[PDB]
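Data block below; observations after.
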Amino acid sequence: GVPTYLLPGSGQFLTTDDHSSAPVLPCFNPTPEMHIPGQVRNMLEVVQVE
Amino acid sequence: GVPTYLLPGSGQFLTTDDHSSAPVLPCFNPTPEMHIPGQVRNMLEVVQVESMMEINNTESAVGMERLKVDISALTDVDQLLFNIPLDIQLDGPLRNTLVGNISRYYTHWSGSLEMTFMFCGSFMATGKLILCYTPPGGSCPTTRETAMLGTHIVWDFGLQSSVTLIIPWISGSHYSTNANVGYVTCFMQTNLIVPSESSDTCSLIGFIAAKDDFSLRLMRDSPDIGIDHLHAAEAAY
Amino acid sequence: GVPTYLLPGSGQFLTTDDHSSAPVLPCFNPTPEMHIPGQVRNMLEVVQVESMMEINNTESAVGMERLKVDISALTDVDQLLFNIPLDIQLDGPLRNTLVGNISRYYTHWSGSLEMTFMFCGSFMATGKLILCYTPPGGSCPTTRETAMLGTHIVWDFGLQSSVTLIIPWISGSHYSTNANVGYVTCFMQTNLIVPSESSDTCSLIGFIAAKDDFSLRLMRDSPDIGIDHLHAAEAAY
Amino acid sequence: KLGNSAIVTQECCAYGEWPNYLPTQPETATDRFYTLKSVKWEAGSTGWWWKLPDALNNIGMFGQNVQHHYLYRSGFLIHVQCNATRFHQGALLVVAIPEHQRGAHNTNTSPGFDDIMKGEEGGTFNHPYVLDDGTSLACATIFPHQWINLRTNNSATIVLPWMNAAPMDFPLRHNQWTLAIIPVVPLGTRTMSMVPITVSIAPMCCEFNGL
Amino acid sequence: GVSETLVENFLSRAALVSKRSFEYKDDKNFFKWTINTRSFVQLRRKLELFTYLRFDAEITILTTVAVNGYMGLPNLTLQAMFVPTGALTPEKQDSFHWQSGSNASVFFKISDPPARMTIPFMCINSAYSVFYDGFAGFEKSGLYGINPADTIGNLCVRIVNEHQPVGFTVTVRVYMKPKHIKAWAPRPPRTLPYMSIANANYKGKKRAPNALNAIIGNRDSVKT
Amino acid sequence: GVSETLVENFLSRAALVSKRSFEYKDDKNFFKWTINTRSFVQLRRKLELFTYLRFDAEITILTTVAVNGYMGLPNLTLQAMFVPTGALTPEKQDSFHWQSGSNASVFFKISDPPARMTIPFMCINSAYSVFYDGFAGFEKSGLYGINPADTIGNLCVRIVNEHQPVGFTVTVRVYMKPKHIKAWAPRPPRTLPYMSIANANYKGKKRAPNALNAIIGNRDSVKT
């Protein structure tokens, strides 16, 4: 098939990593995003308030 | 999914490998690249800068006295002043220069060096120096008259104050073993003619820079550094 | 990420595999390819060069005497001089040639060989040699008259000094087992007519080269090399 | 025709390379035939070998360009001539071995300086059947070679290109080629003859760097 | 690279920087390490050829295990946690601070390949001041050459498993390797031997070579 | 390849070149090996068919382990470090030189697949002088045929783990395999048996075949 070799750093759980992962309940449709007022997209909206 | 199989050489830590790896703090924006003056993108910018040879290399030459060769009015007409063995990979005048501390991090060096001497006597000091380049394997000259064999220049330091002596291609370690790799030899030609008020003991200093065709390859660790225990041991733990 | 699964045959070191592997010293520039004369891109350039057969193969033939077959004035009119068994995979005259030391690194050989004999007598030496090729399985000729069965040539070495004898396609080991694989047979036809001043014991040497259609396949190790302990043992450790 | 010494007339080449300059480049000083001594070929003569350019450190403007130049770069054009009559019979193999790492027989000790460096004297094979290095004369036609069959011709001509991995070499320690003349078929006449073999070496495309 | 003299190739050889055969039994049960340039003088002399640097260090923790003078080697779980120059380090081997939701641990087993994370350009300024000619803070008691915009971080490493791990000593090697090196303002190569990991003191050897009054070994005369 | 007679295919079979069952206990605790062509005479006779070569050797260290005449086999960590023809080799098993930031180690476990690095074309010249007709250096004492532009390098291998590893003997096989072979100026195949790994001495067998005065086994007459 595809000849692969393992880099060093394979099998580790780095706590701040960001890969797509296995969903535990696929073919589940969660509740849609109802427009809730006052969204925070950035914490510098929280800081700049007096 | 994807049928994969493990090659031999899988799971090894080769120290000189270069793969992209997992950042320990992603979504961190480091400080941008402010334009700091004097960037080095290549170590052949560091090598090609001139730097002082240590051509008075004798015993009982202490400290600053080692860099400069004294000529005086009481030297013979064709007495040998100095010679510079071109052991850029070994001991000698060229070991503590810029061209010979970067090239001790390497195994094969090759290119034209460039020597520059600078007379540092009074304004009235006159006389001539003949500067012989002995190509490697040749005979180190002793008489000034048999010194005319290869490349040599008669340098009058009454007119000039600095001469430039190109050493040609050398090709380095193309043969760990002691041998004969060049010489730059400088005899007195005339005498030292200083007046009755200037000091009769003048001095030369010498520089060396590699030129544009200098090439270093195969990297090894430097032999210079080693020896003893350091202060603040285990203080980073 | 990418869902992968390990095939059977994962983690094995097969000795004849060919994958790109991890360089132990990356960012090293090796020395460029200077044009060195005489490159071999194919071992069928090495095989097709002619090389001396060893056709005087008897006991008490010592050293250089083995390469050349002596004819003389005291041989019968149709006495058998030599025969060359075409055991290119086995013992015989063809074992120490170029065509038969490369083809002992292989299992199946096939193609037209090319024999070339060269008379090395005096300028006045005249006479004829009949050179029979016996195809494999046939009868080795003893009388000169029953030797006319397959391909044969009457070679007058008074006129010519060298003959070329193409051996046709043989196909090799298409049947490890002793058998009958060809012969090249050379009888006297007339006599050896040398004058009263030249030496009466002339000589032939024979060459063999494979032609363009020679083909080797399936590679094995040579049976020639083995036997004893070598000097400077463990001196590379 | 090379040099003021007009010796022999040529145009067989080797390795497909007529020499061209790939600094001091002699073209009238060194490019000339340095005829060596003519060695007597008899009936019991084994062989002769001349390591080039060790045979030419002594002789001529090439020899001055060895003692006054640290690195050399030269191809050759060689010419062997075996002046025998129409009653002599014999055959030479004029072979030109690149990098002829000779061997010492029956001992573990490598050859010294006075077994490899001879110069104009040349040398002689001891076991010519294995070319003094364990190989074989029967396969030795893979080199640049030439046949002197005294029935047919009596002369030979080999051209020797620059054969180093290095671009230039230093001459007093390394020897590229090795002209070697092995009589395969030994010489014959009834009187029982010292036929001479004259070797003329002409350098081609000389370069010399490092005075 | 284009040449082997390029700065990216001259410095990014992976070098050993830490090695702590810490003994875990049933403060001393783990080790930390301040990530600094000044560890091993083969690499330190190369980084002190330059004044200002800017490199992403990658860290490649190699963990071995060995039986002391029981026949099998246990496959433990480790945790190499990068504490930067900010919040607190764990005071114990099993304190609260190992469970921090901000320090970025790695969780690697012994029987895996060696763990590997890449610590980015970790400074406040635009480059690492290798040499600092100043004083920290405000006081006259601020030591010379110690810039707080130079500490990369800390690297606390512990065995995740519980006690009673019996006398298999755990030797942990840590390999730093710079990446993306941008180097500014080169310097003279240091020729006298080092005194501390903190500052550039000089003592010299007793006699030449590499001595205070004579760096090249003394030949007999200038006409030698 | 196009044919099986091609030089790239004729030489690049992976051959065993070293095998050192070095015993590690609590100089002799490791092995080194000068990487040379002249090891095993099955491969040596094939490389000495040519005068000049130019090949990237790959090295495939296979490490086994075996119990001596305790039931489990420990999974140790090894280090195969390629020291070229330049700086020093480690004098001990745990000296400073193993920690060098320039020699390119590999760190492979026993229970992995076999380690594999590729040593490039390592010479000064444009090809490997297999046969050298000269003398090294300057003296008359320079031995015949030994070119310093022919040593590929050294390959020091040690067990990374600490002592008291008890009597499981570690047999290490090393497989060299040329790559990208460019071969120049072919030669006669060697027919007499070897004497040394240094030079081309010849002795012959006692009688034919492969003897000094007769290479092919003697038949009875030429009319056989």
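FYI, nothing fancy with the structure tokens labels: chains A, B, ... in order, residues from 1 per chain, ligands from 1 as they appear.
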Spatial neighbours of range 58-73 of chain D, max dist 6 Å, only C-alpha atoms, sep filter under 6 positions, as a VMD selection string: chain D and resid 29 to 30 168 to 170 206 to 211
Residues of chain B that approach chain A to 8 Å or less, counting only C-alpha atoms: could you list each one with the shortest pair of atoms and its distance in Å to one decimal, rows by chain and increasing residue number, as CSV?
```
residue,atom,partner,partner_atom,distance
B:2,CA,A:2,CA,7.5
B:3,CA,A:1,CA,5.1
B:4,CA,A:2,CA,4.5
B:5,CA,A:3,CA,5.3
B:6,CA,A:4,CA,5.2
B:7,CA,A:5,CA,5.6
B:8,CA,A:5,CA,7.6
B:9,CA,A:5,CA,6.9
B:10,CA,A:5,CA,4.4
B:11,CA,A:6,CA,4.8
B:12,CA,A:8,CA,6.4
B:13,CA,A:8,CA,5.9
B:22,CA,A:17,CA,7.6
B:23,CA,A:17,CA,7.9
B:24,CA,A:16,CA,6.6
B:25,CA,A:16,CA,6.6
B:26,CA,A:16,CA,7.1
```
Using only C-alpha atoms, please write the residues we just selected to a file, as a PDB file, in the first residue's frame.
```pdb
ATOM      1  CA  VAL B   2      -5.480   3.750   3.767  1.00  0.00           C
ATOM      2  CA  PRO B   3      -3.435   0.530   3.706  1.00  0.00           C
ATOM      3  CA  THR B   4      -0.021   1.429   5.085  1.00  0.00           C
ATOM      4  CA  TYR B   5       3.010  -0.585   6.089  1.00  0.00           C
ATOM      5  CA  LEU B   6       5.986   0.367   8.239  1.00  0.00           C
ATOM      6  CA  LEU B   7       9.334   0.739   6.496  1.00  0.00           C
ATOM      7  CA  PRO B   8      12.477  -0.260   8.377  1.00  0.00           C
ATOM      8  CA  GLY B   9      13.661   2.871  10.081  1.00  0.00           C
ATOM      9  CA  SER B  10      10.349   3.743  11.681  1.00  0.00           C
ATOM     10  CA  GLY B  11      10.299   5.072  15.209  1.00  0.00           C
ATOM     11  CA  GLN B  12      13.918   6.201  15.239  1.00  0.00           C
ATOM     12  CA  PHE B  13      15.242   9.522  16.440  1.00  0.00           C
ATOM     13  CA  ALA B  22       3.874  19.642  17.000  1.00  0.00           C
ATOM     14  CA  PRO B  23       3.882  23.199  18.411  1.00  0.00           C
ATOM     15  CA  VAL B  24       3.556  23.201  22.169  1.00  0.00           C
ATOM     16  CA  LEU B  25       1.640  26.513  22.263  1.00  0.00           C
ATOM     17  CA  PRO B  26      -0.463  26.971  19.129  1.00  0.00           C
TER      18      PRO B  26
END
```
DSSP-assigned alpha helix (DSSP H) members of chain F, reported as number ranges by chain: F: 7-11, 41-47
Close residues, range 142-156 of chain D itself excluded, 8 Å, only C-alpha atoms, min 6 positions apart in chain, as a compact mmCIF listing (two decimals) with C-alpha atoms, in the first residue's frame:
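Heads up, here's the output in selection-v8.txt:
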```
# COMPACT_ATOMS: atom_id res chain seq x y z
CA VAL C 46 32.02 -5.46 -19.84
CA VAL C 49 34.91 -7.01 -24.66
CA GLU C 50 37.09 -9.83 -25.97
CA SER C 51 39.34 -11.68 -23.55
CA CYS C 120 51.31 -15.95 -33.50
CA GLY C 121 53.99 -17.49 -35.68
CA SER C 122 56.52 -16.06 -38.07
CA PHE C 123 55.70 -14.17 -41.22
CA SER C 161 46.51 -14.04 -39.13
CA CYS D 12 44.68 3.85 -31.35
CA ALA D 14 41.18 4.95 -25.57
CA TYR D 15 38.10 5.68 -23.45
CA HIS D 79 53.91 4.48 -28.62
CA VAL D 80 55.56 1.06 -28.32
CA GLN D 81 57.65 -0.29 -31.17
CA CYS D 82 59.20 -3.75 -31.32
CA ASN D 83 61.75 -3.84 -34.12
CA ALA D 84 62.07 -7.49 -35.14
CA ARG D 86 60.40 -11.39 -40.60
CA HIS D 88 60.86 -13.59 -35.36
CA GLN D 89 57.57 -14.82 -33.97
CA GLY D 90 55.84 -13.48 -30.94
CA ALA D 91 53.00 -11.46 -29.48
CA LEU D 92 52.90 -8.67 -26.94
CA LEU D 93 50.01 -7.26 -24.97
CA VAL D 94 50.63 -3.54 -24.57
CA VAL D 95 48.17 -2.87 -21.77
CA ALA D 96 47.70 0.42 -19.93
CA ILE D 97 46.39 -0.29 -16.45
CA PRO D 98 44.70 2.59 -14.61
CA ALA F 185 36.79 2.01 -15.65
CA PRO F 186 36.13 -1.71 -15.19
CA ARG F 187 38.83 -4.19 -14.24
CA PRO F 188 39.67 -7.87 -14.52
```
Counting only C-alpha atoms, the option among E:58, E:23, E:133, E:48 closest to residue 117 in chain E: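 Closest candidate: E:58.
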Between CA of residue 39 in chain C and CA of residue 20 in chain D, distance in Å (one decimal): 18.1 Å
Shell of 8 Å around residue 102 in chain F, only C-alpha atoms, local chain residues under 6 positions omitted, as a PyMOL selection string: (chain B and resi 219-221) or (chain E and resi 13)
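For residue 204 in chain E, the residues within 7 Å (counting only C-alpha atoms, excluding itself and residues fewer than 6 positions away along the chain) are residues 192, 193, 210, 211 and 212 of chain E.
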C-alpha atoms of the current selection, written as a compact mmCIF listing (two decimals), in the first residue's frame:
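Okay, this is what ended up in again.txt:
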```txt
# COMPACT_ATOMS: atom_id res chain seq x y z
CA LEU E 192 39.08 31.26 27.01
CA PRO E 193 37.34 28.49 28.97
CA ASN E 210 43.84 28.77 25.26
CA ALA E 211 45.61 30.67 28.04
CA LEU E 212 45.11 34.24 29.21
```
Polymer residues at most 7 Å from residue 154 in chain B, only C-alpha atoms, same-chain spacing of 3 or more positions, as a ChimeraX atom specification: /B:128-131
Please produce a file of the residues just selected, as a PDB file, in the first residue's frame, where the atoms kept are N, CA and C atoms.
```
ATOM      1  N   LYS B 128      62.486  48.561   2.838  1.00  0.00           N
ATOM      2  CA  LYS B 128      61.717  47.627   2.035  1.00  0.00           C
ATOM      3  C   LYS B 128      61.632  46.269   2.711  1.00  0.00           C
ATOM      4  N   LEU B 129      60.511  45.592   2.501  1.00  0.00           N
ATOM      5  CA  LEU B 129      60.320  44.218   2.927  1.00  0.00           C
ATOM      6  C   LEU B 129      59.952  43.389   1.720  1.00  0.00           C
ATOM      7  N   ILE B 130      60.595  42.244   1.557  1.00  0.00           N
ATOM      8  CA  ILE B 130      60.238  41.312   0.502  1.00  0.00           C
ATOM      9  C   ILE B 130      59.396  40.214   1.126  1.00  0.00           C
ATOM     10  N   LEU B 131      58.239  39.948   0.529  1.00  0.00           N
ATOM     11  CA  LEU B 131      57.225  39.072   1.109  1.00  0.00           C
ATOM     12  C   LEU B 131      57.012  37.869   0.204  1.00  0.00           C
TER      13      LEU B 131
END
```
Straight-line distance linking CA of residue 124 in chain C with CA of residue 203 in chain C, stated in Å to one decimal: 13.7 Å
Backbone DSSP call of strand (DSSP E or B) for range 92-202 of chain B, listed as number ranges by chain: B: 106-110, 113-119, 126, 128-134, 151-156, 162-166, 183-188, 193, 201-202
Output for the residues just chosen: C-alpha atoms as an mmCIF file, in the first residue's frame:
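See part-v1.cif below for the written result:
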```cif
data_model
loop_
_atom_site.group_PDB
_atom_site.id
_atom_site.type_symbol
_atom_site.label_atom_id
_atom_site.label_comp_id
_atom_site.auth_asym_id
_atom_site.auth_seq_id
_atom_site.Cartn_x
_atom_site.Cartn_y
_atom_site.Cartn_z
ATOM 1 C CA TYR B 106 34.372 22.034 9.409
ATOM 2 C CA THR B 107 36.371 19.322 7.706
ATOM 3 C CA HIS B 108 37.145 20.494 4.175
ATOM 4 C CA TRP B 109 37.971 24.130 3.454
ATOM 5 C CA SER B 110 38.980 25.519 0.078
ATOM 6 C CA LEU B 113 42.860 33.564 1.401
ATOM 7 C CA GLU B 114 43.901 37.217 1.418
ATOM 8 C CA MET B 115 46.628 38.539 3.653
ATOM 9 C CA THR B 116 46.981 42.211 4.478
ATOM 10 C CA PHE B 117 49.912 43.577 6.438
ATOM 11 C CA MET B 118 50.015 47.049 7.923
ATOM 12 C CA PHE B 119 53.184 48.828 8.949
ATOM 13 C CA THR B 126 61.491 53.940 5.223
ATOM 14 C CA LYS B 128 61.717 47.627 2.035
ATOM 15 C CA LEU B 129 60.320 44.218 2.927
ATOM 16 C CA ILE B 130 60.238 41.312 0.502
ATOM 17 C CA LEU B 131 57.225 39.072 1.109
ATOM 18 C CA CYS B 132 57.531 35.549 -0.265
ATOM 19 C CA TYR B 133 54.723 33.064 -0.746
ATOM 20 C CA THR B 134 56.084 29.525 -0.683
ATOM 21 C CA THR B 151 55.196 34.479 -5.883
ATOM 22 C CA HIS B 152 56.829 37.302 -3.943
ATOM 23 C CA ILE B 153 56.507 41.082 -3.726
ATOM 24 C CA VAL B 154 58.942 43.778 -2.652
ATOM 25 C CA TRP B 155 56.997 46.000 -0.282
ATOM 26 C CA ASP B 156 58.407 49.442 0.430
ATOM 27 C CA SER B 162 49.629 48.477 3.816
ATOM 28 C CA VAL B 163 50.129 45.709 1.277
ATOM 29 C CA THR B 164 47.648 43.087 0.110
ATOM 30 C CA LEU B 165 48.983 39.597 -0.541
ATOM 31 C CA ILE B 166 46.541 37.216 -2.209
ATOM 32 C CA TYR B 183 54.211 29.639 3.908
ATOM 33 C CA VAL B 184 54.166 33.413 3.761
ATOM 34 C CA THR B 185 57.679 34.625 4.454
ATOM 35 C CA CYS B 186 58.856 38.208 5.002
ATOM 36 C CA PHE B 187 62.533 39.148 4.911
ATOM 37 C CA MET B 188 64.189 42.467 5.413
ATOM 38 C CA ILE B 193 65.693 54.032 8.250
ATOM 39 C CA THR B 201 61.655 49.773 16.935
ATOM 40 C CA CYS B 202 58.806 49.772 14.432
#
```
Could you write out as a short mmCIF file (atom, residue, chain, number, x, y, z; two decimals) with C-alpha atoms, in the first residue's frame the residues of chain F within 12 Å of chain A, counting only C-alpha atoms?
```cif
data_model
loop_
_atom_site.label_atom_id
_atom_site.label_comp_id
_atom_site.auth_asym_id
_atom_site.auth_seq_id
_atom_site.Cartn_x
_atom_site.Cartn_y
_atom_site.Cartn_z
CA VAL F 106 20.25 7.64 15.47
CA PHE F 107 18.25 6.56 18.50
CA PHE F 108 16.49 3.30 17.83
CA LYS F 109 14.89 0.80 20.16
CA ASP F 112 11.27 -1.11 16.48
CA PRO F 113 11.87 -1.99 12.85
CA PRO F 114 15.61 -1.94 12.02
CA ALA F 115 17.19 1.49 11.98
CA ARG F 116 18.21 2.98 8.67
#
```
9 Å contacts from chain E to chain F using only C-alpha atoms, as a PyMOL selection string: chain E and resi 13-16+42-43+62+64-73+111+113-114+169+171
Interface list for chain C, partner chain D, 10 Å threshold, only C-alpha atoms, as a PyMOL selection string: chain C and resi 33-39+45-54+62-70+96-101+118-125+160-162+194-205+207+230-232
Counting only C-alpha atoms, the option among E:50, E:175, E:22, E:10 closest to chain C: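 Selected residue with least distance to chain C: E:10.
Nearest residue to chain E, choosing from B:173, B:79, B:21, B:178 and counting only C-alpha atoms: B:21.
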Contacts of residue 11 in chain E at 8 Å (only C-alpha atoms; same-chain gap of 3+ positions) as a PyMOL selection string: chain E and resi 7-8+46-47+178+181
Could those residues be written to a file, using N, CA, C and O atoms, as an mmCIF file, in the first residue's frame?
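And here's part-v2.cif as it stands now:
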```
data_model
loop_
_atom_site.group_PDB
_atom_site.id
_atom_site.type_symbol
_atom_site.label_atom_id
_atom_site.label_comp_id
_atom_site.auth_asym_id
_atom_site.auth_seq_id
_atom_site.Cartn_x
_atom_site.Cartn_y
_atom_site.Cartn_z
ATOM 1 N N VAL E 7 23.419 29.776 8.020
ATOM 2 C CA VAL E 7 23.203 29.881 9.462
ATOM 3 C C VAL E 7 22.110 28.934 9.925
ATOM 4 O O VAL E 7 22.190 28.376 11.025
ATOM 5 N N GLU E 8 21.099 28.709 9.086
ATOM 6 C CA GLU E 8 20.058 27.735 9.385
ATOM 7 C C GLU E 8 20.630 26.332 9.516
ATOM 8 O O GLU E 8 20.168 25.544 10.345
ATOM 9 N N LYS E 46 28.689 28.142 20.024
ATOM 10 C CA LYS E 46 28.142 28.457 18.711
ATOM 11 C C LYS E 46 27.039 29.498 18.790
ATOM 12 O O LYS E 46 26.887 30.304 17.871
ATOM 13 N N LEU E 47 26.245 29.494 19.855
ATOM 14 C CA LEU E 47 25.216 30.515 19.972
ATOM 15 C C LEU E 47 25.799 31.842 20.412
ATOM 16 O O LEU E 47 25.201 32.884 20.146
ATOM 17 N N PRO E 178 17.371 24.126 17.472
ATOM 18 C CA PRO E 178 16.773 25.363 16.968
ATOM 19 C C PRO E 178 16.185 25.202 15.581
ATOM 20 O O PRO E 178 16.589 24.340 14.809
ATOM 21 N N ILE E 181 16.232 29.778 12.217
ATOM 22 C CA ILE E 181 17.162 30.636 12.940
ATOM 23 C C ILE E 181 17.422 31.886 12.119
ATOM 24 O O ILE E 181 17.775 31.809 10.940
#
```
Among listed residues F:9, F:60, F:3, F:118, nearest chain C (using only C-alpha atoms):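 Smallest distance to chain C is found for F:118.
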Straight-line distance linking CA of residue 149 in chain F with CA of residue 123 in chain F, stated in Å to one decimal: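 One can read the CA of residue 149 in chain F to CA of residue 123 in chain F distance as 5.6 Å.
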